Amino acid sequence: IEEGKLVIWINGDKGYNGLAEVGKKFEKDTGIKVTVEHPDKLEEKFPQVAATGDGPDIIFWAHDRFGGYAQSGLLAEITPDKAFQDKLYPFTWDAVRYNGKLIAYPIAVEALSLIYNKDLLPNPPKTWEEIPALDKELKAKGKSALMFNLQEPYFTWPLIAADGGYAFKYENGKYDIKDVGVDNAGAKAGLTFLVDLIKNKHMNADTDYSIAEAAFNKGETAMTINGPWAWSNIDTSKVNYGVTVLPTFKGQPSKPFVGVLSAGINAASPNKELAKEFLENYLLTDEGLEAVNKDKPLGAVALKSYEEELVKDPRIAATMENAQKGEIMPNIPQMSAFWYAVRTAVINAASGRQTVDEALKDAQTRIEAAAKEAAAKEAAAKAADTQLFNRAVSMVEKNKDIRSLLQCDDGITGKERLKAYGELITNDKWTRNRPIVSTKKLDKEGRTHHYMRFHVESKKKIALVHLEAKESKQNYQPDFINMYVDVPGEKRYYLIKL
């Protein structure tokens, strides 16, 4: 990655010519060249090139893919101040957090809405419960009330979640991956309502994306559930349509999954401050987003000032309302198990191959099984820190010069047993437990650097040890490249220098 310029990757269905115009304005004002590219499979290539210290400085993609990048240490923690954060809707910041850290800037927000035919239905239903009666009325006119894709859980989840289903619990700013909400009472109630619509012939278990789109766009059904990617085909159909809040179920909003197009900074980039400057001062502004939107519509946006302009279009207002009431898509890898399992559950419940309770219990079990590891990854990460600490403690306590600085009680009867432990303030947080931890950065070459501090104590002195270790390409264990000890009243002592 070249220092003093920015390279940006974004998908080829986005407004990349518009983004390139924001880049040319940045360059006009600052002298810094901005190059926008839209390589195919950028989301698969990114983690491969970033790990070698290559790739773009900034990547734009749906927020949920960034959890895996962050787990791999490939995204830099971003540093917007609180004034900047207050310029975006607060829920959007929840979509770009991993391990308690902000790892991308939210740009736009997408979610399913209720799309309705204003000529058949000028007053669409506020509740799911009223849809059976409305269908009876529309059936008498040779129409139906509602058709939408029943094959895919992304489309059926909004109803299943409404009364309390959820993929994984989000609480205290993070996911509890072992806390899955697929076979709880809320999910059962929503899926039973869906299956009852099918049993009562208000919907057909075979309806899929194409069949529902064709019925709505031909004026055969009064409503569908779909997202903003579908609006252009309806425009061509000339159906007189509106877009509105999804119906409530048991008095609770339907909860569609929310996707937040976000901009992440490559952890290996030598241009992190330039990327922040571009993103905060040029892109996430009314003028910057307008330029992107004019090329290809962003939909609803995270930036309050520009969203307040876009909602002149009530369809955009509806996307945002549904998104604010929705479930942010989780950014953790066990969602692959969620999709696989809930897809079978909903198909089987809708076909009658299983009951709702059996279908959802089987799904819940499969997801929990998938979630049983993942402890393992953070456990292994912690054990890597414990190994760095134990190696460093051994080096320090074997060093004659450091023992002397610590005024160790050593002599013919024995050597003093030193204690070692972490700090009371760790990453600016009160930690009475004195934890052993490192922080990580990626260098220009994509190699991981680990930074750790800990105390060593003799009866006479308590010192602070600092170390930096660098990932090895030959060995599992990293190499120490810097290590020093500050003993009060003494000169800093380097065990390893540079």
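Start at 1 with the first residue shown and count on from there.
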Completion exercise
Avg C-alpha B-factor, entry values, 6-14 vs 478-486, higher side is 478-486
Problem - Which of 37-45 and 441-449 has higher mean CA B factor, as the PDB entry lists it - result: 441-449
Fill in the blank from the handout: Comparing C-alpha B-factors across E327, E321, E373, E220 in this entry, the winner is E373
Fill in the blank from the handout: When the entry's CA B-factors for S210, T355, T156, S262 are compared, the highest one belongs to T355
Handout entry: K178, C-alpha B-factor rank within chain (lowest, middle or highest third)
Key = highest
Completion exercise
Temperature factor at the Cα of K304, chain-ranked in thirds, falls in the middle
Handout entry: Third of the chain, ranked by Cα B-factor, where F26 sits
Key = highest
Fill in the blank from the handout: Of the three thirds of the chain ranked by Cα temperature factor, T344 occupies the middle
Fill in the blank from the handout: Assert third(CA B-factor, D64) within chain per record equals middle
